[PDB]
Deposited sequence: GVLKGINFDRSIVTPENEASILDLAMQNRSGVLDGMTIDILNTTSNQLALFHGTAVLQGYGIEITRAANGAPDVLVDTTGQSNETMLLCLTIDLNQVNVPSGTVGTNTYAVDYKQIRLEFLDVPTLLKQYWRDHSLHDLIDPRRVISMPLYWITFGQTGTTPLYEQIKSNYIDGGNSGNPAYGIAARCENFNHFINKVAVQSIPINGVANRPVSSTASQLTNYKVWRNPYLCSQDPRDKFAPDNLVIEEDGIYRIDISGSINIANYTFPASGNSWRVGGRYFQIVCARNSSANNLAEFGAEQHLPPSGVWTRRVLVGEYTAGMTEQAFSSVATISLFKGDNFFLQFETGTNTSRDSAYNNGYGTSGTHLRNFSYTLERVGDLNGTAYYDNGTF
């Protein structure tokens, strides 16, 4: 029959308002405030956390403050292991109320909520990002959110910790928690290597032209939303590749210029004309490597016929010292994918190459280059096949 949830005679239940809050959170779970480690109250038998608020699949969880320590987690028996400190909801448990709403003594022992240590495979099997209490096909009764990597040493020592920032709704994303900017950078200058195909380093280090003969590796300002993307964990690809953490339709914006651009000089033999040199800037996705996503999670497989390379800018050098470009595209990206940008040109400097024979500031380079990568759409349901291949 046709059931009303929110109507005059309806009883509005707890799964109901939690389903509403989840919708209001754009189906994102995470710590809204606090819940960071309290090292001062952390011993070799206990792990302390500060007060705060989290939302886990629409269920509001609070660590209350008083007097500190705001909360204590038992670390007895944990040694020489890397574990995940998790906030878990277990709907098989019973919340025990006591006292009364008549006197001012009503309290609940929320046994459905736990702060616990899990290993990586156990967390993954019940991770909120892959499984749901509200799921249609495979509904779960137990769901977790990892807060910290906790590395326990020998018996009698305090452990080492690393915050799981993808699970904290810290800042930059309030209002649109599941979307917004994935990555962005300030303008940078990057020397073009004398090769046909090369990646443009988008992870905060560029090969900056500094003199007429030299370039040097130089940091530039970059930001990444850890919920959406991360720098590649393999050092070979760390300067260039992002790992996508969340499926979706993403917008890629690029702008900059090609400085000291090569071209065939106008001479009597070519009827005093500039001989343009072809170049292209491409964005690329690659999913050949599995388990690149956070916790080594299984990648989300793309639909059959998915794109791998897309031309953002494709043209010839125009005979000017510096030529600007700009491009905006929407592209599908999948959890576990690598994403990168490439500069492509010919290798014959006297015939087809956009680059010259110089080095540093005397050599062809990208100048004032910047990008923004933003999540603008999801790939749930039918969108996976209809929108996911490009």
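Asks: In sequence order, what intervals of the deposited sequence carry no C-alpha positions?
Replies: Absent from the structure are positions 1, 69 to 70.
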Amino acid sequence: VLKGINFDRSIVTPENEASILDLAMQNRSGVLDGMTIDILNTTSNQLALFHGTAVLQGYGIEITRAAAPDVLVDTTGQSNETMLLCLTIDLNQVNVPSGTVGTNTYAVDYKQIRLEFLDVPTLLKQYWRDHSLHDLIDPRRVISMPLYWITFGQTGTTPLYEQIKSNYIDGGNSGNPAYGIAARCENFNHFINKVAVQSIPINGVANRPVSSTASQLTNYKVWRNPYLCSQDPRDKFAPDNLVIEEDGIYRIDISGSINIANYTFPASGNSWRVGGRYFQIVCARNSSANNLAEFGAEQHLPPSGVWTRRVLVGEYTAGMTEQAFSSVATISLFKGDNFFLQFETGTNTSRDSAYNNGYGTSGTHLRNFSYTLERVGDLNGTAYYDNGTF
From here on, numbers count along this sequence of modelled residues.
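Asks: Is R9 without coordinates in at least a third of the other compared PDB entries of this protein that model the residues flanking it?
Replies: Yes: coordinates for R9 absent from at least a third of the compared entries.
Asks: Find out whether the coordinates of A67 are absent in at least a third of the other compared PDB entries of the same protein.
Replies: That residue is missing from at least a third of the other compared entries.
Asks: Do the CA atoms of 314 to 322 or those of 216 to 224 have the higher mean B-factor in the entry?
Replies: The stretch with the larger mean CA B-factor is 314 to 322.
Asks: Please compare 194 to 202 with 172 to 180 and say which has the higher mean C-alpha temperature factor in the record.
Replies: According to the PDB entry, the answer is 172 to 180.
Asks: So among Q163, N80, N291, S230, who wins on Cα B-factor in the entry?
Replies: Answer for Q163, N80, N291, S230: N80, with the highest C-alpha B-factor.
Asks: Based on what the PDB entry reports, which of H300, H131, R273, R234 has the top C-alpha B-factor?
Replies: Spelled out: the listed residue with the top C-alpha B-factor is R273.
Asks: Would you check the entry's CA temperature factor for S370 and let me know if it's in the chain's lowest, middle or highest third?
Replies: Within its chain, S370 is a lowest-third residue by C-alpha B-factor, going by the deposited values.
Asks: Looking at the C-alpha B-factor of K335, is it in the lowest, middle or highest third of its chain?
Replies: Lowest third - that is where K335 ends up once the chain's C-alpha B-factors are sorted.
Asks: Which third of the chain does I63 land in by C-alpha B-factor: lowest, middle or highest?
Replies: Answer is highest: the recorded C-alpha B-factor places it there.
Asks: Place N6 in the lowest, middle or highest third of its chain's C-alpha B-factors, as listed in the PDB entry.
Replies: Highest third of the chain for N6's C-alpha B-factor.
Asks: Using only modelled residues of the chain, where does the Cα B factor of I244 rank: lowest third, middle third or highest third?
Replies: According to the entry, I244 has a C-alpha B-factor in the chain's lowest third.
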